[PDB]
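Enquirer: A single structure is presented below for examination.
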Ligand SMILES: O=S(=O)(NCCNC/C=C/c1ccc(Br)cc1)c1cccc2cnccc12
């Protein structure tokens, strides 16, 4: 581990310092189908005509990123993405830009979102949830070691691959920060109290978010929900959680620690670091080595029927790609 | 039930990220 991460820091640092740019053109890909949508872009199943491969291309409208004041965050995204390398993070294959947008051609993860299966299935058994937790545990342990904060953990951002393993996408709020940070970021249901409480924060928010994840997986719903975010924030900062009667005692106690308002008492943030979690009773059966190697029995395998099969994703209206005769936000994005 | 209470609610679908 410490040795592993040690070697790991070095490749990221090289990449951090000399981030890559413009590794392709639009016309080398064949646009096939929107897999997801968002405030200022859509992810598309795309086909590389020279290789006959499929990727997920993220298309960011430059003007809309500017209107929404998301330039830095967008920059962090591409820079951190091309620099990292772990078995549970999606691979950035290319990036380029045109007069009108920014592109990130990532690897097409066929299994669909975790969100989708969990919604349909209802709730996951502890063992099935634990399979997935362990994978975010290591991923955070890697991420944090590089002074990165993930900041957007939710079922919608975790994808399942052919082998029933996790692939974390969306690094739109990922930030390399040594010391506290202040942006109100994320999804309401997953915000740590410190964040809603405008009090500057660190990595500890990633362990509270994980505490929420495990809860939504095992019980089928978030520990704090209401109809409007203000009502949710209120619940989050109250520090009052009710646990489903079907939660094991070990799970109830992992969750009490992970969802600790007092961040000088919150697991992951303590003296012994990430070991407090990796050594918790709930996890006693987990073989972290076997899991990092992808040699564990995957509890569920979404099966798909061939390349380009997009039946694990919901349908979205197709908006048409428009690329201006005039370069749009040159200076703002020159480092992209 | 909390499950019932959850399905009847407004945030059962894909949750969006809070920017500004
Ligand atoms: O389609 S996705 O975006 N699915 C996971 C993202 N979770 C929902 C967010 C969608 C979204 C899309 C565009 C912007 Br702009 C912001 C959010 C997606 C993103 C990155 C890689 C992917 C690989 N395979 C399938 C899908 C992939």
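Protein chains in written order, with the deposited numbering: chain E, 15 to 350; chain I, 5 to 24.
From the three backbone atoms N, C-alpha and C, an ideal C-beta is built for every residue, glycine too.
What residues in the stretch 82-112 of chain E bring their beta carbon closer than 9 Å to a beta carbon of chain I?
Expert: Correct list: 82, 83, 84, 87.
Enquirer: Answer with yes or no whether the minimum CB distance from residue 21 (chain I) to chain E is below 8 Å.
Expert: Closer than 8 Å: yes.
Enquirer: Which ranges would you report for the alpha helix (DSSP H) in the stretch 259-286 of chain E if only whole runs of at least 4 residues count?
Expert: Those alpha helix (DSSP H) runs which fall completely within the stretch 259-286 of chain E and span 4+ residues are 263-272.
Enquirer: Establish whether the CB of residue 225 (chain E) and some CB of chain I are separated by less than 8 Å.
Expert: Chain I, which has no Cβ nearer than 8 Å to the Cβ of residue 225 (chain E), makes this no.
Enquirer: Quick check on residue 159 (chain E): does DSSP put it in helix, strand or coil?
Expert: The answer is helix: DSSP assigns residue 159 (chain E) an H, G or I state.
Enquirer: Compute the Euclidean distance between the alpha carbons of residue 318 (chain E) and residue 45 (chain E), then round it to the nearest angstrom.
Expert: So the two alpha carbons sit approximately 20 Å from each other.
Enquirer: Distance cutoff 8 Å, beta carbons only. Does residue 329 (chain E) sit that close to anything in chain I?
Expert: No, because no Cβ of chain I sits closer than 8 Å to the Cβ of residue 329 (chain E).
Enquirer: DSSP three-state label for residue 181 (chain E), please.
Expert: Reduced to three states, the DSSP call for residue 181 (chain E) is strand.
Enquirer: Please state the DSSP three-state secondary structure of residue 345 (chain E).
Expert: If DSSP states are grouped into helix, strand and coil, residue 345 (chain E) belongs with the helices.
Enquirer: Which whole-angstrom value is the C-beta distance of residue 68 (chain E) and residue 60 (chain E), which I expect to be below 8 Å?
Expert: Between residue 60 (chain E) and residue 68 (chain E) the Cβ distance is about 7 Å, and since that is below 8 Å, they are a contact.
Enquirer: What would DSSP say about residue 408 (chain E), mapped onto helix, strand or coil?
Expert: Summary: the structure shown does not reach residue 408 (chain E), with chain E confined to residues 15 through 350, and so no result is reported for it.
Enquirer: Compare the C-alpha of residue 119 (chain E) against each of E:36, E:166, E:142, E:148 and name the closest.
Expert: Closest by alpha carbon: E:36.
Enquirer: Would you mind working out which of E:263, E:183, E:291 sits nearest residue 129 (chain E), comparing C-alpha positions?
Expert: If we check each option's Cα against that of residue 129 (chain E), E:183 comes out closest.
Enquirer: By the 9 Å beta-carbon criterion, what residues does the stretch 232-252 of chain E contribute toward chain I?
Expert: So the list reads 233, 234, 235, 236, 239, 240, 241, 242, 243, 246, given in the order they occur along the chain.
Enquirer: Check whether chain I comes within 8 Å of residue 203 (chain E), counting only Cβ atoms and requiring the distance to be less than that.
Expert: For residue 203 (chain E), the answer is yes, since a Cβ of chain I falls inside 8 Å of its Cβ.
Enquirer: Can you find a heavy atom of ligand 1 that lies under 7 Å from the Cβ of residue 116 (chain E)?
Expert: Not so, every heavy atom of ligand 1 lies at least 7 Å from the Cβ.
Enquirer: Go ahead and label residue 288 (chain E) buried or exposed: buried means 16 or more other beta carbons lie within 10 angstroms of its beta carbon, across all protein chains shown.
Expert: Residue 288 (chain E) is buried by the Cβ-count criterion.
Enquirer: Would you check if the stretch 17-34 of chain E and the stretch 89-106 of chain E touch, i.e. whether three or more CB-CB distances between them fall below 8 Å?
Expert: Taking 8 Å as the limit for Cβ pairs, the verdict is that the stretch 17-34 of chain E does touch the stretch 89-106 of chain E.
Enquirer: Which of helix, strand or coil does DSSP assign to residue 224 (chain E)?
Expert: Residue 224 (chain E) falls in the helix class under three-state DSSP.
Enquirer: Quick one: is residue 111 (chain E) buried, meaning 16 or more other Cβ sit within 10 Å of its Cβ, or exposed?
Expert: Its Cβ being crowded by 16 or more others within 10 Å, residue 111 (chain E) is buried.
Enquirer: For chain I, is any of its Cβ atoms less than 8 Å away from the one on residue 53 (chain E)?
Expert: Yes - at least one Cβ of chain I is within 8 Å of the one on residue 53 (chain E).
Enquirer: The beta strand (DSSP E) that contains residue 115 (chain E), what's its start and end?
Expert: Run containing residue 115 (chain E): 115-121, per the beta strand (DSSP E) assignment.
Enquirer: With a threshold of 8 Å between beta carbons, is residue 254 (chain E) in contact with chain I?
Expert: No, no contact with chain I.
Enquirer: Inspect the CB distances between the stretch 145-163 of chain E and the stretch 189-200 of chain E and report whether three or more fall short of 8 Å.
Expert: Touching, yes.
Enquirer: Report yes or no: is there a C-beta of chain I within less than 8 Å of the C-beta of residue 281 (chain E)?
Expert: By this cut-off, residue 281 (chain E) is not an interface position.
Enquirer: Going by DSSP in three states, residue 23 (chain E) sits in which element: helix, strand or coil?
Expert: Three-state DSSP puts residue 23 (chain E) in a helix.
Enquirer: My output table needs one value for residue 105 (chain E): the three-state DSSP class, helix, strand or coil.
Expert: Coil at residue 105 (chain E), not helix or strand.
Enquirer: Using a Cβ distance threshold of 8 Å, determine whether the stretch 254-264 of chain E contacts the stretch 276-291 of chain E, with at least three qualifying pairs required.
Expert: The answer is no - the stretch 276-291 of chain E does not touch the stretch 254-264 of chain E, with fewer than three Cβ pairs under 8 Å.
Enquirer: Got a sec: is the Cβ-Cβ distance from residue 140 (chain E) to anything in chain I below 8 Å?
Expert: Residue 140 (chain E) does not count as touching chain I.
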